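Taking it in order: structure first as structure tokens, then the write-up.
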Amino acid sequence: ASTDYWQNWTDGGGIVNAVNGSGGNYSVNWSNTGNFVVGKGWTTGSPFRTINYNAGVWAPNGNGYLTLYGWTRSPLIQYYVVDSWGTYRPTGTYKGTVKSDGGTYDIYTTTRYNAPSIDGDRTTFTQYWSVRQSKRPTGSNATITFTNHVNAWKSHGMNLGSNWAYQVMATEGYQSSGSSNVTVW
Ligand SMILES: O[C@@H]1[C@@H](O)[C@H](O[C@@H]2CO[C@@H](O[C@@H]3CO[C@@H](O)[C@H](O)[C@H]3O)[C@H](O)[C@H]2O)OC[C@H]1O
Ligand SMILES: O[C@@H]1[C@@H](O)[C@H](O[C@@H]2CO[C@@H](O[C@@H]3CO[C@@H](O)[C@H](O)[C@H]3O)[C@H](O)[C@H]2O)OC[C@H]1O
Ligand SMILES: [Zn+2]
């Protein structure tokens, strides 16, 4: 399935110059930002999708994540599979680990309160994370075998919602500057 979804969200802080490139390609150049999320992927997420990407540029200066990023409803859950980051490795309530695609990821949960989501500007929701224990090398074709994460989460009592929303390979930033260039398929 070729990508069909363009995610381009900013809370309005700083500069987020995002380019919707040809096919699965996008880029972001950002400066002194609030929170933003830019990426490409699919209108409807699947627990069985293999996400492929190649980050030809991964150059955060401060907090950025290079991450699978997506949502379900029923219930409302945000999830991440974080392959690389900048100055900050995201963590939460430690649940366990999962091995996938040549890496080991820690599994965490967090909760957001009064926060933006696909449902509104001020919402409360759980987040599920796989965060790689070390930054993944970038520049070569990489795979996220999402089933492995979903199954590990499930085994730790972290069940996703029944109603799948979008699923993207994203650049998320907070209080940072940077450059990224990623192709997704
Ligand atoms: O940042 C940019 C990189 O993402 C880009 O890398 C290329 C991304 O596309 C890859 O081609 C895929 C190979 O596998 C096939 O099954 C897919 O259908 C193709 O799309 C290619 O191999 C990568 O080199 O390079 C340019 C950077 O700016
Ligand atoms: O049109 C609607 C959009 O406005 C809506 O935007 C979402 C807003 O919330 C964003 O998620 C936050 C940023 O990412 C993480 O840091 C946080 O946990 C979230 O608070 C999300 O990226 C946007 O998609 O999406 C739905 C549309 O109907
Ligand atoms: Zn386990």
Side-chain angles (χ1 to χ4, degrees), residues 1-3 5-13 16 18-19 21-29 33-41 43 45 50-59 63-73 76-80 82-85 88 90 92 94-100 104-130 138-143 148-158 163-176 179-185:
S2 176
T3 57
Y5 196 87
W6 170 230
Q7 163 74 12
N8 177 210
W9 176 84
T10 170
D11 66 8
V16 182
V19 171
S22 38
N25 177 252
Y26 68 91
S27 65
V28 202
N29 295 282
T33 64
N35 195 32
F36 74 81
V37 184
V38 172
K40 275 189 164 174
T43 291
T50 291
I51 298 96
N52 305 270
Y53 74 87
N54 183 309
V57 174
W58 181 240
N63 183 0
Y65 310 144
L66 175 64
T67 185
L68 182 76
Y69 179 98
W71 297 87
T72 64
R73 288 179 171 109
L76 184 69
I77 297 161
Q78 195 186 15
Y79 63 77
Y80 289 95
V82 184
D83 271 353
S84 192
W85 59 85
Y88 178 65
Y94 180 77
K95 309 296 289 188
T97 62
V98 55
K99 291 179 189 151
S100 187
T104 301
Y105 298 77
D106 295 314
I107 300 170
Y108 301 109
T109 65
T110 55
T111 303
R112 293 280 268 140
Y113 301 94
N114 300 321
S117 74
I118 55 168
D119 274 358
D121 291 310
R122 281 194 125 164
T123 63
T124 294
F125 53 95
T126 298
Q127 305 171 295
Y128 292 171
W129 310 76
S130 290
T138 61
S140 297
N141 294 349
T143 301
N148 295 334
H149 299 274
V150 174
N151 286 340
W153 293 349
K154 273 166 37 53
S155 81
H156 288 273
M158 291 158 64
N163 180 7
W164 286 73
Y166 68 75
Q167 181 175 62
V168 297
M169 194 64 201
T171 301
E172 175 174 353
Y174 191 49
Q175 292 182 331
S176 65
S179 302
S180 71
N181 189 307
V182 186
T183 308
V184 185
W185 66 96

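Read the numbers this way: they start at 1 and go in the same order the structure lists the ligands and their atoms. For reference, positions follow the sequence shown, starting with 1. Because only heavy atoms are used, hydrogens play no part in the values below, and waters and symmetry mates are left out as well, while side chains stay in.
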* Aromatic rings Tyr88 and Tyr65: how do their planes relate, parallel, tilted or perpendicular, breaks at 30° and 60°? -> tilted
* Parallel, tilted or perpendicular: ring planes of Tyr80 versus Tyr69, cut at 30 and 60 degrees ->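 Perpendicular, since the angle between the ring planes exceeds 60°.
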Could you find the nearest protein heavy atom to [atom] and give me its residue, atom name and distance?
| atom | answer |
| --- | --- |
| atom 28 (O) of ligand 2 | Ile118 O, 4.0 Å |
| atom 16 (O) of ligand 2 | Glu172 OE2, 2.4 Å |
| atom 12 (C) of ligand 2 | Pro116 O, 3.4 Å |
| atom 5 (C) of ligand 2 | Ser117 O, 3.8 Å |
| atom 18 (O) of ligand 2 | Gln78 OE1, 2.7 Å |

Looking at non-hydrogen atoms alone, which of [options] comes nearest to [atom]?
| atom | options | value |
| --- | --- | --- |
| atom 15 (C) of ligand 1 | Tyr53, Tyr26, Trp185, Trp58 | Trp185 |
| atom 8 (C) of ligand 1 | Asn52, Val184, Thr183 | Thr183 |
| atom 1 (O) of ligand 1 | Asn54, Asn181, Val57 | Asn181 |
| atom 21 (C) of ligand 2 | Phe36, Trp9, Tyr65, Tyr69 | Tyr69 |

* Evaluate the side-chain proximity of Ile118 to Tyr166: yes if any heavy-atom separation is below 4.5 Å, no if none is. =>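 Yes - at least one pair of side-chain heavy atoms lies under 4.5 Å apart.
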* Asked: Which atoms from ligand 1 have a heavy atom of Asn141 less than 4.0 Å away?
  -> 10 (C), 13 (C), 21 (C), 22 (O), 23 (C)
Any luck finding a side-chain donor-acceptor pair between [X] and [Y] under 3.5 Å?
| X | Y | result |
| --- | --- | --- |
| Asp83 | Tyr53 | yes |
| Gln127 | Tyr108 | no |
| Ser130 | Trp153 | yes |
| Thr110 | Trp129 | yes |
| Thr183 | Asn25 | yes |

Which ligand 2 atoms are under 4.0 Å away from a heavy-atom of [X]?
| X | answer |
| --- | --- |
| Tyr166 | 21 (C), 22 (O), 23 (C), 24 (O) |
| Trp71 | 11 (O) |
| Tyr80 | 15 (C), 16 (O) |
| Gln127 | 18 (O) |

* **Atom of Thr97, atom of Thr104 and distance for their closest heavy-atom approach** =>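 Where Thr97 meets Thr104 most closely, the heavy atoms are CB-CG2, 4.2 Å.
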* Any idea which heavy atoms bring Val168 and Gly41 closest together, and the distance? ->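 Where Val168 meets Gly41 most closely, the heavy atoms are CG1-N, 3.6 Å.
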Looking only at heavy atoms, is any part of [X] under 4.0 Å from ligand 2, and if so is it the side chain, the backbone, or both, or is it neither?
| X | value |
| --- | --- |
| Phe125 | side chain |
| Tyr174 | neither |
| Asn35 | side chain |

* Asked: Under 3.5 Å, side chain of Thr123 to main-chain N/O of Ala115, donor-acceptor pair present?
  ->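 Here the side-chain-to-backbone pair exists.
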* Can you find a protein heavy atom under 4.0 Å from atom 26 (C) of ligand 1? ->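 For atom 26 (C) of ligand 1 the answer is no, since every protein heavy atom stays at 4.0 Å or beyond.
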